[PDB]
Amino acid sequence: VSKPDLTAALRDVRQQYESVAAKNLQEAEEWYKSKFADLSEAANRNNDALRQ
Amino acid sequence: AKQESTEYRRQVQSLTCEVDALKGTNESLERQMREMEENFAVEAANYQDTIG
């Protein structure tokens, strides 16, 4: 208690929260990319259904 | 002139069968221009998997 030291461990719990929050946004970004592949290859499939 | 009239009538009737069998094959070229648009639907499908 001559210097608080624990205030570092409480910032590392905060840096874990900010890291996990950033990776949860990248999980959503890859799910939006999955939906962009669905929509883009559906638009290619509609251009091929027009040839068919 | 009746043997001659029987000849040129048969040759003209055979040519009439040409001119209407050619048109039903001109209506077939209007399908080969769709087998073109289907080969372009395969270009658009390989371009859909490209873009995706």
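Within every chain, numbering proceeds from 1 in written sequence order, not necessarily in step with the numbering of the entry, and residues without coordinates do not appear. Whichever chain is written first becomes A and whichever ligand is written first becomes 1, with later ones labelled in order. Working note: chains shown belong to a larger assembly, and all values are for the shown part only. Note: side-chain values were computed over all heavy atoms of the structure, leaving out hydrogens and water. Residues with missing side-chain atoms are left out of burial classes, side-chain pairs and their counts.

Caption draft 1: Focus on the overall build of chain B. Runs of H or I in DSSP of at least four residues are treated as helices and runs of E of at least two as strands, each being numbered from the N terminus. Of regular secondary structure, chain B possesses one helix and zero strands. On C-alpha atoms alone, chain B measures out to a radius of gyration of 22 Å, which is more than a quarter above the 10 Å that the 2.2 N^0.38 rule sets for 52 residues. Each principal axis of the C-alpha atoms in chain B carries an extent, and together these give about 75 × 10 × 5 Å. Radius of gyration means the value over C-alpha atoms here, while the globule rule gives 2.2 Å times the residue count to the 0.38 power.

Caption draft 2: Layout of the overall build of chain A. When its secondary structure is counted, chain A shows one helix and zero strands. Relative to a compact globule of 52 residues, whose C-alpha radius of gyration would be 10 Å, chain A shows 23 Å and is clearly more extended. Across its three principal directions, the C-alpha atoms of chain A cover 80 × 5 × 5 Å.

Caption draft 3: Examining the interface of chain A and chain B more closely. Residues are treated as being in contact if the distance between any of their heavy atoms lies within 4.5 Å. Listed per partner, the contact involves five residues of chain A and six residues of chain B. Residue polarity follows a fixed list, in which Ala, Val, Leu, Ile, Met, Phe, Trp, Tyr, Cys and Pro are nonpolar, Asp, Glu, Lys and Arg are charged, and the others, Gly among them, are polar. Taken together, the residues of the side of chain A that touches chain B break down into no nonpolar, three polar and two charged.

Caption draft 4: Up close: unusual backbone geometry. Phi at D5 of chain A takes a positive value of approximately 45°, unusual for a residue other than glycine. Tracing the backbone shows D5 of chain A in the segment before α1 (6-49).

Function cannot be inferred from these measures alone, as they are strictly geometric.
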